[PDB]
4 protein chains.
Amino acid sequence: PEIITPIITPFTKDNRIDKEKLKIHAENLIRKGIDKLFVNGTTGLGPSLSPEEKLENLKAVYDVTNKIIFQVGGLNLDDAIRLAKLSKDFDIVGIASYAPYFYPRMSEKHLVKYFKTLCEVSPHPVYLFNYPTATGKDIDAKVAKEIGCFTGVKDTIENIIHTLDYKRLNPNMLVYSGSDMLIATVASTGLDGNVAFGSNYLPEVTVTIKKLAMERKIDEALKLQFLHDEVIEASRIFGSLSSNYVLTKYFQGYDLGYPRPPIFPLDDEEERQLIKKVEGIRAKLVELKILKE
Amino acid sequence: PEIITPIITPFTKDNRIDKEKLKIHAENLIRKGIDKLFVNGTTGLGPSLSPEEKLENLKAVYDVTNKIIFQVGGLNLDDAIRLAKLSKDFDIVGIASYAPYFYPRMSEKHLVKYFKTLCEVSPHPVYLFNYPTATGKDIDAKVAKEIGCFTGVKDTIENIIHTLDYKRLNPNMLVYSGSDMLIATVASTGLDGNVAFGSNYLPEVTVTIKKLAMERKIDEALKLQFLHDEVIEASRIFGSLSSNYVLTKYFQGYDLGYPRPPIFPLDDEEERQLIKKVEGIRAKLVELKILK
Amino acid sequence: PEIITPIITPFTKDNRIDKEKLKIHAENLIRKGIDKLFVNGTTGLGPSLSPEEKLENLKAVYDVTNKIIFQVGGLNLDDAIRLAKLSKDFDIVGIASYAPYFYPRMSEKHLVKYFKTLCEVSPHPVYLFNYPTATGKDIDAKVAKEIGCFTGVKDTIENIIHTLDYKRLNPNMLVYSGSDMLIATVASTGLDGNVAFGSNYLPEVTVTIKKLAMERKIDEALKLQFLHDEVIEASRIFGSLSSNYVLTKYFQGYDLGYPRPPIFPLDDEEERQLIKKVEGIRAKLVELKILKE
Amino acid sequence: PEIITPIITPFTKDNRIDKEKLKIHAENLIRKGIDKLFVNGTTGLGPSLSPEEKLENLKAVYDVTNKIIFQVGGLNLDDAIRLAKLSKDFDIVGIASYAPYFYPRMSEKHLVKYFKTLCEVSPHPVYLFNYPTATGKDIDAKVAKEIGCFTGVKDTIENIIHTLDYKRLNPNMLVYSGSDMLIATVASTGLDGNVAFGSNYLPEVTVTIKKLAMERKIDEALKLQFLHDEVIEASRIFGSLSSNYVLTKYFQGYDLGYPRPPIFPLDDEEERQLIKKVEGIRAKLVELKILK
């Protein structure tokens, strides 16, 4: 199985993408053993980005690696189509979209039509990113089969029965979990891996959990999984999307600028408090030889 | 109380706002007794519109009426602030935002900061548009009290207890419901009225329900309400946001073009089947002398 | 519209129904203007009562008034049938049942069969008590119409659209709300009234809210409604079903014994704390001349 | 890990526990490799049974095996305490309770007191049976830690994160899942196994999934799992608790009488249609040499 990072988008003080910080972060992630980078996901604040910003992110990350899944979706299908088509000039893994968000009670016919439209125009394999809490809709194993053109799916949901069902109904589809707390479990149960937001700040931990599980060292894999779970819980105190920036600076040693408001940056005191919540975990990970002293 | 229309945004086949059609619609609504127009709401596909497009919408409607609440929110706070500031040049009722949508588990402090920032820059009264199913978060009466700066709230939720709590905790706040099926009830229980999506296509019905409820003619109000409910249910068959275009054409008699995909337009067969579903209701409404 | 009390079942220290405290409470409620008494409801801990206890409660309340809706439901249909049939010798308003509880994913056919069975054997009008949070199922306006034998429905749900739908689809059915916070609203919108748990301890307030609303004094009705709402909120601090006993003793001036564990009684300190939460409301209600000084 | 059967309670036409049929079932289950039997669970209609009937059940099963977890909970704490105490005379694995059901919004303190009271009187290890959809409340890993006295937990919830949290916060607790569709996964991820309702009718399949998962033959485990999933889905068509009777008769070849109404038995036509649905699955299982 694979660990895929939904890579953070660093912003400058003046609310523009910091392309050079992004390239530092991407190179570090690939060097630490991350399989692929998912660009313009939730964690990268993709719904907060304009189409031109989504393209700028692709271009910046592509200067580092071609192992990229390029998220292109949004509420203007013409923009999503234009991005999908532009990707023809890049040697990437695939394009991706979440379901159309905000609007409740969308018909199944319209949801299917949306995804089939993107598959129609895509010069690359297409990945479904299912996130019912964020979008308000579920594109389950049955609907995914009906659509019929997906290479893979990332399922962000704690219900692993729903995730397994993709494999059951679509045996040749790649099936990933969006649940960081399930890296060990996903590896152990024959799924294809995780799109792990926490791999931005602890790529070492996330790849090691998977490795331990695949080496049949389940107890060791779970001990590490439970430490990673504590970091995730700490990130939720001040807001995980904002906290992710602080956690990456802390564990990885380079600055990632700011998020984009309404995803507000942590202030100096909140940053100090968050670091106090995780520094003992850092010490433990140094002691396990997972992180360099 | 009031009826406020979350006005539909008509689009061209090539996905541009059709300003001509929008003005025809706005003029008819005001003519038929609608109190105010809420621009760039869910029903107007506000989340599908860029900041310039939200401004384009305000401009077209402002050519017709100043009775406007202008929704400016989005996932880029700088854009929302810019729209708030540009509204200074428009003699309107207020501005509004939904909560930041998509992102789950946003901190209460961050949600409060988002709305307080908008209040700090606004040249007009600010309205909260609360829609937990759409946005993934609830800015309830307690959070609204903490924010402290709202002139009014529209609450799109089934739970009228939740709506009444805004009045209980914030007694000088204007409090509206977003549930079209509660026009009669909301008007009878001392709240300020409804932002009624169904008032796009049946402004006559929604205004009459309000009037009857104000007169305490609750039995007559409910009979009409229950008919409006049946048209709402019919609109859900193929998708309400799309069906609203077809129903406005059918009942009001002018075309409103297309929605914006992935809000796909109904096809010919769907339109035919929807009309079949509400044909009888129209007949009853003409009999009751509500429609011509 | 009517105010109906889901009457509390008082228990002795040795976990038996205190029949004499029950009769004191029932007489007070009828004297304060309560229209009918719903016996063996949630508030009376009906699901915690044996069939013989359910019968003992009917008999005790019947010594005071015949204005009773007799709840008979449970997970043994033979017991529910036996109780329904026994009611033939009593001049009561009707029998009632909640949906079968605990078991999730019950078929619509089986739910309909349950209620039609009770209607088949009932010597009295039958009332549906719909409480989706407590039972796990919804018997909505459509299913109620399908069943076709209900005289009335109590809908415990904050969604008043669902409650109105009973009237819409079943125009001749009596339709009550189970939401105490909606007494004013229910009265004002043409519904038939409320089964109000808070009328155990403040029957005066609940009947006055309804009266004010029907006198077209909506602002005055809402001011009182909002005070009642504060008492309900206070009752939830220590657990409303347990707190109800303390609140009735406090406002009405007689003891109601104990609830039945796992509905544990408040201890002396919790009782002291709860009274401190509501005593200012009591003072306000005395000042409004709703409660006697 | 283990497979534990929440054993079906067979009833007569006149609504009495059929003790003879129950013993035939228990003997077959143990014979086919089931590790323990959980008596008076949801699947055995435990909430529909009086305290004496729960005791009747324990007695019949105890005639066959002592590998029993005995569920004693209900809405009368004195009855539950009495059952806990009477279990002293039975050499069993443990006792168990669900959370008090029906009543919404029970205080955390009251929930904790309920379980601690049972622990204080129990002559055996105590197991938490966590089933939020059924009971209306969640006794999660944090509440279980606060209670402090559980030997094990069965968690009936979709969310395996929630189940793994019991191990994380309570590392010496036995932790089981109640989701039959997760037998393969639970066995592979270091948890203690499943209390599997489908092991009533296909004990061979559930025990084989466990074995294959233990051998790390995950692809083979999942193929079998996915077939068990299809039989679970078929059982939902007419209602799982009722369908379980018919499926046990079909696959295991003895009659289990009736459920207790309002858990109504399937009629002849329903049984025929259910059999049609799982006939093909049986054929595949015989081919795989899992069934005769």
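The record lists X-ray crystallography as the method behind this PDB entry and 1.91 Å as its resolution.

*Asks:* Can you tell me about the interface of chain D and chain C, naming the residues and giving the values?
*Replies:* For an interface, size is often stated in terms of accessible area lost upon the parts coming together. At the junction of the two partners, chain D supplies 37 residues and chain C supplies 37 residues. Interface of chain D and chain C: buried area, both sides summed, is about 3300 Å²; carbon and sulfur atoms make up 65% of it. On the chain D side of the contact with chain C, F102, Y103 and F264 of chain D bury the most area, a combined 23% of that side's loss. If you look at where chain D meets chain C, you find zero salt bridges. Across the chain D-chain C interface, the total number found is nine residue pairs in polar contact. Elements supplying a minimum of two residues to the side of chain D that touches chain C: α3 (77–86), α4 (108–121), α5 (132–135) and α11 (240–252) of chain D.

*Asks:* Give a description of unusual backbone geometry that names residues and reports values.
*Replies:* Residues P261 of chain C and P262 of chain C are joined by a peptide bond in cis, for which omega reads 15°. Tracing the sequence through the fold places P262 of chain C in the loop between α11 (240–252) and α12 (268–287). The peptide bond linking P261 of chain D to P262 of chain D adopts the cis configuration, its omega dihedral lying at 10°. Looking at where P262 of chain D falls in the secondary structure, it is placed in the loop between α11 and α12 (268–287). Backbone geometry at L45 of chain D places phi at a positive 55°, although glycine is not the residue there.

*Asks:* Kindly report on the sheet that holds strand β2 (residues 36–39) of chain C, identifying the contributing residues and their values.
*Replies:* Residues and elements named next belong to chain C. Reading around the circumference, β1-β2-β3-β4-β5-β6-β7-β8 is the order of the eight strands in this closed barrel, with parallel pairing throughout. Neighbour-to-neighbour, the strand axes of the sheet open up by a mean angle of 25°, direction not taken into account. Here strand β4 (residues 94–98) pairs with strand β5 (residues 126–130) via four bridges, running parallel. The partner of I95 across the bridge, within β5, is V126. Strands in contact with helix α7 (residues 160–169) are β5, β6 (150–155) and β7 (174–177); relative to β7, the strand with the most contacts, it is inclined by about 170°.

*Asks:* Explain the sheet that holds strand β5 (residues 126–130) of chain B to me, using residue names and the numbers behind them.
*Replies:* All names here are of chain B. On the basis of which strands lie adjacent, the closed barrel formed by eight strands has the order β1-β2-β3-β4-β5-β6-β7-β8 and parallel pairing. If you compare each strand with its neighbour and ignore which way they point, the axes differ by 25° on average. Bridging between strand β7 (residues 174–177) and strand β8 (residues 193–195) involves two bridges; their strand directions are parallel. Bridging across to β8, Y176 finds its partner in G193. With respect to the sheet, helix α7 (residues 160–169) is in contact with β5, β6 (152–155) and β7, its orientation differing from that of β7 by roughly 170°.

*Asks:* Talk me through the state of the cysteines; I want residue IDs and the actual numbers.
*Replies:* Residues and elements named next belong to chain A. Within the structure shown, the criterion is met by four disulfides over all chains. Two residues share a disulfide in this structure: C119 and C149, whose sulfurs sit 2.0 Å from each other. Between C119 and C149 the disulfide shows an S-S torsion of about 80°. By sign, it is right-handed. Here the residue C119 occupies a position in helix α4 (residues 108–121), and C149 occupies one in the loop between α6 (141–147) and β6 (150–155), the gap between them amounting to 30 residues. You can call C119 buried: its relative accessible area is 17%. On the basis of relative accessibility, which here comes to 28%, the residue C149 falls in the partly exposed class.

*Asks:* Kindly report on helix α12 (residues 268–287) of chain B, identifying the contributing residues and their values.
*Replies:* Every α-helix carries 3.6 residues per turn, so stepping three or four residues along brings you back to the same face. The end-to-end C-alpha distance of α12 of chain B is 28 Å, a good match for the 28 Å that 20 residues give at a rise of 1.5 Å each. Of all the bends in α12 of chain B, the greatest measures close to 40° and is centred on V278 of chain B. Taken together, the buried positions of α12 of chain B are occupied by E270, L274, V278, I281 and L285 of chain B. As for α12 of chain B, its buried residues are in contact with α4 of chain A together with α9 (203–214), α10 (218–235) and α11 (240–252) of chain B. At the N-terminal end of α12 of chain B, a side-chain oxygen is found 3.1 Å from the backbone nitrogen of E269 of chain B, two or three residues along, and the residue is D267 of chain B. In the stretch just after α12 of chain B, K289 of chain B is the one whose phi turns positive, near 70°.

*Asks:* Summarise the arrangement of the chains; cite the residues concerned and give the values.
*Replies:* These two, chain A and chain C, are apart from each other, with no contact and a minimum C-alpha gap of 17 Å. Chain D makes no contact with chain B, the minimum C-alpha separation between the two being 17 Å.

*Asks:* Tell me about the pattern of salt bridges, residues and numbers included.
*Replies:* By the definition in use, this model includes 64 salt bridges over all chains. Linking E20 of chain A and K23 of chain A is a salt bridge whose minimum nitrogen-to-oxygen distance equals 3.3 Å. Remark: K23 of chain A and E20 of chain A occur in helix α1 (residues 19–31); sequence separation between them is three residues, near one turn of the helix. In this structure, the salt-bridge partner of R168 of chain C is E233 of chain B, at a minimum N-O distance of 2.8 Å. Of this pair, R168 of chain C sits in helix α7 while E233 of chain B sits in helix α10, each in a different chain. Here the salt bridges do not stand alone but share partners, grouping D18, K21, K249 and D255 of chain A into one network.

*Asks:* Give me the lowdown on the environment of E271 of chain D, citing residues and values where you can.
*Replies:* All names here are of chain D. In this fold, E271 is placed in helix α12. With 263 residues separating them along the chain, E271 and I8 place their C-alpha atoms 18 Å apart. Dropping the residues within four chain positions of it, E271 is found in contact with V246, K249 and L266.

*Asks:* Account for the side chain of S177 of chain B, naming residues and giving values.
*Replies:* All names here are of chain B. With respect to the helices and strands, the residue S177 is situated in strand β7. Within the structure, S177 has its side chain in polar contact with the backbone nitrogen of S179 (distance 3.1 Å). In this structure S177 touches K154, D155, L182, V186, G193, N194 and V195, once residues within four positions along its chain are discounted.

*Asks:* Report on the environment of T185 of chain B, specifying residues and quantitative values.
*Replies:* Here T185 of chain B is to be found in helix α8 (residues 183–188). Its relative accessible area of 0% is what places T185 of chain B among the buried residues. The residues contacting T185 of chain B, other than those within four sequence positions of it, are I160 of chain B together with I160, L164, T185 and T189 of chain C.

*Asks:* Lay out the packing of helix α3 (residues 77–86) of chain C against helix α4 (residues 108–121) of chain C in plain terms, naming residues and giving numbers.
*Replies:* Residues and elements named next belong to chain C. Running from N to C, α3 and α4 cross one another at 30°; their axes reach a closest spacing of 9 Å. One element, α3, and the other, α4, form an angle in the roughly parallel class. Here the hand of the crossing between α3 and α4 comes out right-handed. Of α4, the residues touching α3 (which contributes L77, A80, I81, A84 and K85) are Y114, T117, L118 and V121.

The rules behind these values
Residues numbered from 1 in each chain as written, not as in the entry; some residues may be left out. Chains lettered and ligands numbered in written order. Heavy atoms only, no water. Contact = heavy atoms within 4.5 Å. Buried area = accessible area lost by both parts, 1.4 Å probe. Salt bridge = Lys/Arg side-chain N within 4 Å of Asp/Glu carboxyl O. Polar contact = N/O pair within 3.5 Å; in protein donor to acceptor, adjacent residues only side chain to side chain. Helix = DSSP H or I, 4+ residues; strand = E, 2+ residues; numbered from the N terminus. Pairing = 2+ DSSP bridges. Axes fitted to C-alpha atoms, helices over the stretch in contact; angles between N-to-C directions. Disulfide = S-S within 2.5 Å. Buried < 20%, exposed > 50% of the residue type's maximum accessible area, 1.4 Å probe, protein only. Expected span 1.5 Å × (residues − 1). Bend = angle between axes of the 7 residues up to and from the residue. Parallel < 35°, antiparallel > 145°, perpendicular 65-115°, else oblique. Left-handed = near helix turned anticlockwise from the far one by under 90°.

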